[PDB]
Ligand code: HEM
């Protein structure tokens, strides 16, 4: 570890070029990670907030359940006991001052809302605080919701469904706004189902309930695949560079071997140098990453925590260490007679 | 170029490692490039087919125009002459056998649709053939569209708006499905705008009209930004690798220099070796890229042409050549006396 | 009254391309504390091969080499604790300073680097106060002087010098051999010195002549 | 009566760390076609410095070095067209075959590599039919023989050999010096040969003794 650290001091140029490349890849991975979690919460934050155990859908032609095509009839709701019908629709909201499209969720009156949202289901529509400010609307003003005039029951926090904020209304109001005789679009089960489902019914877990959303799986999967390739590319970049680099030190490594340096010493030296270089690159990339993400989290959906920046960072660094040992393996095979020539 | 090409033949191992990294990065870039172009048409393919010259929006509080908030009043439409009202909404479609949500575009009755889409605006809704197959609905069957039962007037080609297929209906029908007395959401202008707009009105070109789409700008920009990082990462990877590599040949380069090899020869030798490696890496990476993309373009939106695979591929290869020359610059600065002694 | 190194009937055979070549042929050499034994002979007579054998840099293909006080130790551990190498080229690590060239041997031996000892030895080799010089600030003779000091850092009982005056003029090469002989006597080292300049035999206690891998 | 190479009062001073160093001090040497001139002296006396000067590998800090027939040419162009180097180490490129070690010189000279000449020369150096061997399959003597052949590919006027017998036993080193003498005479080459072995001066027409960068001459 003695020579390795001082090689870096005296040749900071060469390592800066490579460390920047490692830093860029970590920057891309850290920011891609935050964007995938941000988009994931943009689609699931509302359903996840409600924290159901199982979710009953309705299908056609035995196809996979879809939130865009499922409806729960009143009798279907009475079948599943200890369950509440949830209506999920997206429609146009229009105020006296502005308008936009938003998601509308409907639940039975009096159902307590998750602490993420707080309050309880009231008669009428509960608007997200940001949406009420956008429309220049206050509590008690009339608004056109899906072609029907509804009274704003109050303001609430913002949750999301399919990249839209969730407007919370009573089950009766949702039926008028979504033009359906059904009591809901899905059935939320908080306990484990003790009844067997019908031919047209299907029970699903919270995870699988997200896959019933159109954009979620087909867009998170593609983002995850990019992350997997990026982790692989980082590992190969380190291995590719470090193999060629360790070959450059053969002469200095041979001299230490001739002097009596054990194989353990030479391997620790090489891996120590790589670990410091990889640490610098990853720290700078993840540092710049969290900063750019926080700077961008206003224009683009970006979820930024400690695990979403440092999780990938530590993963990349450990991938680099595994890659580095693979590249430094040949430091112990250097014949010490290379120094006598 | 003599030594450079034969170095690769006899030591194919190390070059395979680096060429794989270059191929992987090109693989990632090729699909990201195609995916950004594919999603762009997924948001704009319908409007692009109509090919308007200018587009008039409606705003509130002088904010940026948004397709989710624009409506054109009937008298407002009479002001701008030589204009066609376009209604754009997304709502739920339900058939006797199935249902789903889709985008609905409305135009005045009888207006001929662009040859991209063909047919004419008829009373009722013209459904995409693929959606009708999913719903098990034929010509003459009743379907529930946004809470209203409408008869299928006929089939048309498939265009997309906000990741949804476009159902084409007459201006009257669209009002019923969108629950509005307005005659449309935007106005398509085929001629030059000769009327001045009001403080609350805004005319925009076809490109700027896409910014009024919610997902388009915020998602194409992010995809393009990722591609920019990938191009930079590719260039840096080659420069980083090639600098250390050329330092490895100092001894062999010195021997050729000592023998009398000109500076051009050593530099041409070095760049020839690098160019061959970059070509191999990019060709193999872009090859697997187009293959996986065509294989996947059925489940995920992926636009795959010749320019969308070879444009970026050739760009990366040229970026690599620029990086390589920067890294091989020191091949001509090696003194041949390194060969007379020991190193 | 006790030898440091004993090479008994040692021979080395390297695979010269497709065939084999006998480099060292039944070498017999024994060195006692305080001796400077030179190895003379033309280029390619087996001098370097004998040196590498004496430094445990390669085992002989036949015969045995015993360094007393290091019995029961692998080849590498023997070099680290009992042998100091004065390579033909100074073999100074580029990124280290003159003083650091000594400390790194202490570090690879697992002891806290001794700055005072390094400066004392650098002064003993006639580089007092130059511990801070880098390789770019060292002359040919100075680098060779640092090399000698590095061989002395671990306090070995066997000092092996491989033509350490090959890139030095007559004046400078005298100083290095005088330094080598003086250090050999002062620290009771057993030193093998390979050289082709027969003008340096006057400073050696004994010499071995070599031809075609056979010692005379 | 017409020298190929003329080193007149040539001197080289390298920067030896903080100070400088006169590696060659006013050397005067002339080599004529067909001569094998040995340069003898201890290690570090200025033999290699004189060789590097004669091989246009570095200009002297003072004095002039002239290769006749190549006047008006840069340093590199002179080496490519008029000099053949028998380096101390064979300096064979690892990825090339025996014959390719010769052909690559033709390629760097801008001529389609001539295999016939490459094979003829390989035969003359005693490697007939070994053009397919790789460096890993070549012994010390054989690698040095390829080096001689590579120096002969370009039909040079000056052949410089830097102790080409340093890693060869007595038997092999005789063969190599004989080959150098024989090739020098057969191709009317002018050959400077630096050597530390005093046993090989018998093969040289003349010899220059050197000490501390000064050539001794009566
Ligand atoms: C701000 C950035 C982004 C935003 C706002 C966004 C928004 C959207 C929206 C709105 C949808 C359709 C869902 C709906 O309309 O309810 C969608 C689908 C999709 N997105 Fe994005 N997206 C972004 C970035 C990305 C990125 C970076 C990727 C891949 C790297 C991606 C891949 C996809 C895919 C594959 C789909 C599904 C396409 C389909 O089958 O219809 N998106 N996204």
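Protein chains in written order, with the entry's author numbering: chain B, 1 to 341; chain D, 1 to 343; chain A, 3 to 218; chain C, 3 to 220.
Ideal placement from N, C-alpha and C gives every residue a C-beta, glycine not left out.
In chain D, which residues lie less than 8 Å from residue 70/C when you measure between Cβ atoms? Counted from its first residue, the fourth chain places residue 70/C at position 68. None at all; the shortest Cβ gap to chain D is about 18 Å.
Minimum length 3: unbroken beta strand (DSSP E) runs contained in the stretch 139-184 of chain C: Listed in chain order, the beta strand (DSSP E) runs fully inside the stretch 139-184 of chain C are 160-164, counting runs of at least 3 residues.
Closer than 8 Å by beta-carbon distance: list the chain C residues that pair up with residue 344/D, in chain order. No answer is possible for residue 344/D: the residues shown for chain D start at 1 and end at 343.
Please list the partners that residue 337/B has in chain A, where partner means a Cβ-to-Cβ separation under 8 Å. The residue given as residue 337/B occupies position 337 in the first chain. Contact annotation for residue 337/B against chain A: 54, 59, 60 [CB-CB distance below 8 Å, chain order].
Can you pull the DSSP bridge partners for residue 90/D? Here residue 90/D is taken as the residue at index 90 of the second chain, counted from 1. Looking at the DSSP assignment, residue 90/D forms a beta bridge with 103/D.
Residue closest to residue 47/D, alpha-carbon to alpha-carbon, out of 145/D, 183/D, 208/D: Working through the second chain from its first residue, we reach residue 47/D at position 47. Among 145/D, 183/D, 208/D, the Cα nearest to that of residue 47/D belongs to 208/D.
Is residue 53/B near ligand 1, going by C-beta to nearest heavy atom under 7 Å? Position 53 of the first chain holds residue 53/B. No, the Cβ of residue 53/B stays beyond 7 Å of every heavy atom of ligand 1.
Exposed or buried, which one is residue 82/A when buried takes at least 16 other CB atoms within 10 Å? Counted from its first residue, the third chain places residue 82/A at position 80. By the 10 Å Cβ count, residue 82/A comes out buried.
Is residue 164/A close to chain B? Criterion is C-beta to C-beta, closer than 8 Å. Here residue 164/A corresponds to residue number 162 of the third chain, with the count starting at 1. Residue 164/A counts as touching chain B.
If you measure from the beta carbon of residue 167/C to each beta carbon in chain A, is any gap under 8 Å? Reading the fourth chain from its first residue, position 165 is the one you call residue 167/C. Interface residue, yes.
Just to make sure I have the definition right: I need the residues of chain A whose C-beta is within less than 7 Å of the C-beta of residue 10/B. Which are they? Mapped onto the first chain, residue 10/B falls at position 10. Near residue 10/B (Cβ distances below 7 Å), the residues of chain A are 97.
What residues in the stretch 255-267 of chain D bring their beta carbon closer than 7 Å to a beta carbon of chain C? Taking 7 Å as the Cβ-Cβ cut-off against chain C, the residues of the stretch 255-267 of chain D that qualify are 255, 256, 258, 259, 260, 261, 262, 265.
What are the boundary residues of the alpha helix (DSSP H) that includes residue 264/B? On the first chain, residue 264/B is found 264 positions in, with the first residue counted as 1. Run containing residue 264/B: 263-296, per the alpha helix (DSSP H) assignment.
Taking Cβ-Cβ distances below 9 Å as the criterion, which residues of the stretch 134-168 of chain A are in contact with chain C? So the list reads 135, 137, 138, 139, 140, 141, 142, 143, 144, 145, 165, 167, 168, given in the order they occur along the chain.
Are the stretch 318-330 of chain D and the stretch 263-275 of chain D touching by the rule of at least three beta carbon pairs closer than 8 Å? Output reads yes: the stretch 263-275 of chain D touches the stretch 318-330 of chain D.
Tell me which residue opens and which closes the alpha helix (DSSP H) that residue 142/D is part of. By one-based count along the second chain, residue 142/D stands at place 142. Run containing residue 142/D: none in the alpha helix (DSSP H); it sits in the beta strand (DSSP E), 142-145.
Contact check, residue 174/B vs residue 117/B, beta carbons under 8 Å: Looking up residue 174/B in the first chain gives position 174. Looking up residue 117/B in the first chain gives position 117. Against a cut-off of 8 Å, the Cβ pair of residue 117/B and residue 174/B comes out as no contact.
Rank 119/D, 122/D, 93/D, 58/D by C-alpha distance to the C-alpha of residue 100/B and give the top, closest one. Position 100 of the first chain holds residue 100/B. Restricting attention to 119/D, 122/D, 93/D, 58/D, the CA atom closest to the CA of residue 100/B is found in 58/D.
Does DSSP put residue 35/D in a helix, in a strand, or in coil? Counting from one through the second chain, the residue named residue 35/D turns up at place 35. Helix, per DSSP.
Name the chain B residues whose beta carbon is nearer than 9 Å to that of residue 28/A? On the third chain, position 26 is the one that residue 28/A refers to. By Cβ distance, chain B contributes nothing, its closest Cβ being about 21 Å from residue 28/A, past 9 Å.
With a threshold of 8 Å between beta-carbons, can residue 109/A be considered close to chain B, or not? The count along the third chain starts at 1 and reaches residue 109/A at position 107. Contact with chain B is found for residue 109/A, since one of that chain's Cβ atoms lies less than 8 Å from the residue's Cβ.
Who are the near neighbours of residue 22/D in its chain, counting only those whose CB is closer than 6 Å to its CB and skipping five residues on each side? Numbered from 1 along the second chain, position 22 holds the residue referred to as residue 22/D. Non-local C-beta neighbours of residue 22/D in its own chain, meaning closer than 6 Å and more than five positions away in sequence, comprise 281, ordered along the chain.
Considering only residues of the same chain and omitting the five flanking positions on each side of residue 130/B, which have a CB-CB separation below 8 Å? Counting from one through the first chain, the residue named residue 130/B turns up at place 130. Here residue 130/B has 158, 165 as same chain residues with Cβ atoms under 8 Å from its own Cβ, once five neighbours each way along the sequence are excluded.
Tell me whether residue 109/B counts as near ligand 1, meaning its Cβ is closer than 7 Å to at least one heavy atom of that ligand. The sequence position of residue 109/B within the first chain is 109, counting from 1. The answer is no for residue 109/B.
Assign residue 237/D to one of three DSSP states: helix, strand, or coil. Here residue 237/D corresponds to residue number 237 of the second chain, with the count starting at 1. Three-state result, residue 237/D: helix.
Apart from the five residues on each side of it in sequence, which residues of its chain come closer than 7 Å, Cβ to Cβ, to residue 334/D? As a position in the second chain, residue 334/D is number 334, starting the count at 1. Cβ neighbours of residue 334/D beyond the five flanking positions: 250, 253, 254, 257.
Any heavy atom of ligand 1 closer than 7 Å to the beta-carbon of residue 74/D? As a working mapping, residue 74/D is identified with position 74 in the second chain. It does not: the Cβ of residue 74/D is nowhere closer than 7 Å to a heavy atom of ligand 1.
Identify every residue that forms a DSSP beta bridge with residue 160/D. Walking along the second chain from the start, residue 160/D turns up at place 160. Residue 160/D is bridged to 165/D.
DSSP-derived helix/strand/coil call for residue 212/B: What you label residue 212/B is simply residue 212 of the first chain in a count that begins at 1. Annotated three-state conformation of residue 212/B is coil, per DSSP.
Across the stretch 126-134 of chain A and the stretch 286-301 of chain B, are there enough close Cβ pairs to call them in contact, namely three or more that are closer than 8 Å? In this structure the stretch 126-134 of chain A does not touch the stretch 286-301 of chain B; the number of beta carbon pairs closer than 8 Å is below three.
Going by DSSP, name the residue or residues bridged to residue 16/C. Here the question's residue 16/C lines up with position 14 in the fourth chain. Residue pairing by DSSP places residue 16/C opposite 23/C in a beta bridge.
On the DSSP bridge assignment, give the partners of residue 111/D in chain order. As a working note, residue 111/D is residue 111 in the second chain. In DSSP, residue 111/D forms no bridge with anything.
If you measure from the CB of residue 45/B, is any heavy atom of ligand 1 nearer than 7 Å? Translated into positions along the first chain, residue 45/B becomes position 45. Using a cutoff of 7 Å, the CB of residue 45/B does not count as near ligand 1, since none of the ligand's heavy atoms is closer than that.
With a threshold of 16 other CB atoms inside 10 Å of the CB of residue 339/D, please say whether the residue is buried or exposed. For the purposes of this step, residue 339/D is identified with residue 339 of the second chain, where counting begins at 1. Residue 339/D comes out buried.
Got a sec: which bits of the stretch 34-49 of chain C sit with their beta carbon under 9 Å from any beta carbon on chain D, in order along the chain? When CB distances to chain D are screened at a threshold of 9 Å, not a single residue of the stretch 34-49 of chain C falls below it.
Please list, in chain order, all residues of the same chain as residue 109/A whose beta carbon is under 8 Å from its beta carbon, the five residues on each side excluded. As a first step, residue 109/A must be located in the third chain, where it is residue number 107. Cβ contact annotation for residue 109/A (same chain, cutoff 8 Å, sequence separation greater than five): 115, in chain order.
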